[PDB]
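Novice: model the structure of this input:
(chains A, B, C and D)
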Amino acid sequence: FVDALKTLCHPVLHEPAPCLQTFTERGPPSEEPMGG
Amino acid sequence: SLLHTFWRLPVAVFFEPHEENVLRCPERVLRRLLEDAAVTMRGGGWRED
Amino acid sequence: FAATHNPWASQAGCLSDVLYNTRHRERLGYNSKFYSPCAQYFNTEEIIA
Amino acid sequence: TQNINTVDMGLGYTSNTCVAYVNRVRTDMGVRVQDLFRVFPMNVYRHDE
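Specialist: Residues are numbered from 1 along each chain as shown, chains lettered A, B, ... in the order given. I have put the structure below:
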């Protein structure tokens, strides 16, 4: 696994905002006071 | 249109060094304290004794 | 004849779809000169065409 | 200069190629994985250190 350090800890794998961006485009299916 | 971060150059604004950009006194108080630390060495150890 | 075998390389929004699709990789900062051996399996706009 | 023009004289495929003989391997056929920071030279971490 260690030679893949050049691939594993790259920041673009830890950026889900494009994944969330293309996940928003498909249709979404449908199927506070802590004291008191 | 997405907020990706990129490597910007390290910018920090400073003052370019000159021949007369003078450092001032330490508000006259540590000036006096350094004066006392100077004059207390007349009586004390001598490091060759 | 299952649905898929690997849901991190097959969805519309999987990890590789934002990583290896060169139409999607252009939105990120990337070097075009580096040949990627897997771009032929993901660049779906050519595959749709 | 000598401008030529060719026009095919067959209704179908009149010519057949085939992969005949392999001399050597240009690549290493190795496991040395490529580097993502080289192919993505712009993306950084949000924290600096």
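
Novice: list, one by one, the residues from chain B near chain D.
Specialist: For chain B, the residues in contact with chain D (C-beta under 8 Å from any C-beta of the partner chain) are B:4-7. (Each C-beta comes from the backbone N, C-alpha and C, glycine too.)

Novice: among those residues, which are in reach of chain A?
Specialist: B:4-5.

Novice: out of the residues of chain B next to chain D, grab the one that's most surrounded.
Specialist: Using other C-beta atoms under 10 Å in any protein chain shown as the neighbour criterion, residue B:4 leads the residues of chain B next to chain D with 15 neighbours.

Novice: part of a strand, is residue C:3?
Specialist: No: assigned with DSSP: H, G, I helix; E, B strand; the rest coil, residue C:3 falls outside any strand and is coil.

Novice: now flag whichever of the residues of chain B next to chain D is closest to residue C:13.
Specialist: residue B:4 (16.6 Å; C-beta to C-beta).

Novice: what is the burial count for residue 17?
Specialist: You didn't say which chain, so I picked chain A. When neighbours are counted by other C-beta under 10 Å, residue A:17 comes out with 10.

Novice: to clarify, I was referring to chain B.
Specialist: So residue B:17, with other C-beta under 10 Å, has 6 neighbours.

Novice: cool, and residue C:30?
Specialist: That count, for residue C:30 with other C-beta under 10 Å as the rule, works out to 20.

Novice: equivalent analysis for residue B:1, please.
Specialist: 4.

Novice: quick one: it from chain C, how far?
Specialist: 9 Å (C-beta to the nearest C-beta, to the nearest Å).

Novice: if we can go back for a sec, turn the residues of chain B next to chain D into TSV, including distance to chain C and secondary structure.
Specialist: Formatted as TSV, the residues of chain B next to chain D follow (distance: C-beta to the nearest C-beta, whole Å; DSSP: H, G, I helix; E, B strand; the rest coil):
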residue	distance to chain C	secondary structure
B:4	6	coil
B:5	10	coil
B:6	6	strand
B:7	9	coil
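
Novice: out of the residues of chain B next to chain D, who's nearest residue C:41?
Specialist: Nearest to residue C:41 among the residues of chain B next to chain D, with distances taken as C-beta to C-beta, is residue B:4, at 24.4 Å.

Novice: need the contact list for the closest one.
Specialist: A:15, A:17, C:28-29, D:43 (C-beta atoms under 8 Å, 6 or more residues apart in numbering or on different chains).

Novice: in the residues you listed, find the pair that's most separated.
Specialist: Checking these with C-beta to C-beta, the most distant pair is A:17 and C:29, at 14.2 Å.

Novice: make sure residue C:24 is indeed in a helix.
Specialist: Yes: under three-state DSSP, residue C:24 sits within a helix.

Novice: how about the contacts made by it?
Specialist: Applying C-beta under 8 Å, 6+ apart, the residues near residue C:24 are A:18, A:22, C:17-18.
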